[PDB]
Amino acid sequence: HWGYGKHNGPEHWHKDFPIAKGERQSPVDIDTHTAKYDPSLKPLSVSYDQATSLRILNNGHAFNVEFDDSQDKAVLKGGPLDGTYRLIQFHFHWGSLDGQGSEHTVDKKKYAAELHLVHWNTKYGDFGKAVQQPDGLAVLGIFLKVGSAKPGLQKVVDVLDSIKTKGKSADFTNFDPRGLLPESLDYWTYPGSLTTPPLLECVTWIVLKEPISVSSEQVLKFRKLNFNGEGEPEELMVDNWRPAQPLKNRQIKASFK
């Protein structure tokens, strides 16, 4: 029922999800001037060598690559985090044009897309319990700009036709998510929310400073997807991003000087 349409869009979500107007909503604009370096931030640790992708699916607002999270096969640690966070899925938000698509912005600068690697705190036993907690989730956010191709993206791009419409999934094994990372893991962090309903405020955001480059051909394959189910009138899956939300009380910290 909720979506990115003129009618069911971000501006109207509060109607069914009144936390949309809460104090810790994501995304936010990252003002480099006010976001200060914190030398007590530790570096990111990502152990992804045993990462086990299972499937890719079109859920009608994006596509999710899903991972076996029954063990610490693919985990995020350090940075601002206490304890171990298991990767459950990743997905993207993107725009209709290159000049937009990101959810977070940097001094109002919008990127072409934003990749989210979603992890959940093993303190709580499973994802379902984790989302009910303020320290429940860590999402690694990675900006996309258009330019050079991303080799490690191509495995994903190359299946997208097989899941064009809402409802469709396909097997997707032996995908390595290290292949979606940039060279520097310098980051900004701040407490926030899910950017889609139910918009729970359960996320330590970790937004990487260095964008990854992707090819024109790569982003266009994204834009070929459909929100609609098979048979319906075609609405292309584009502009599946939420605009910057009020920062309110919160401080954004930088891992770098």
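By rigid core we mean the largest C-alpha set that fits within 1.5 Å across both forms. From 1 onward, residues are counted along the sequence shown.
The rigid core fit leaves 42-50 as the farther-lying stretch in 8 other deposited structures of this protein, judged by Cα positions and set against 185-193 and 42-50. Relative to one another, 223-231 and 187-195 have unequal mean CA B-factors, and 223-231 is the one with the higher figure. As the entry records it, the average C-alpha temperature factor is higher for 36-44, out of 197-205 and 36-44. Looking at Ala138, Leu115, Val131, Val146, the one whose CA carries the top B-factor in the deposited record is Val146.
Note on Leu81, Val159, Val75, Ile142: the highest value goes to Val159, judged by CA B factor as recorded.
Among all modelled residues in this chain, the alpha-carbon of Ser169 has a temperature factor (C-alpha) in the highest third. In this PDB entry, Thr105 carries a Cα temperature factor that places it within the middle third of its chain's modelled residues.
Remark: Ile88 belongs to the lowest third of its chain, ranked by C-alpha B-factor as recorded. Looking at the C-alpha B-factors along this chain, the one for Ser213 belongs to the highest third. The deposited CA B-factor of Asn249 belongs to the highest third of values across its chain.
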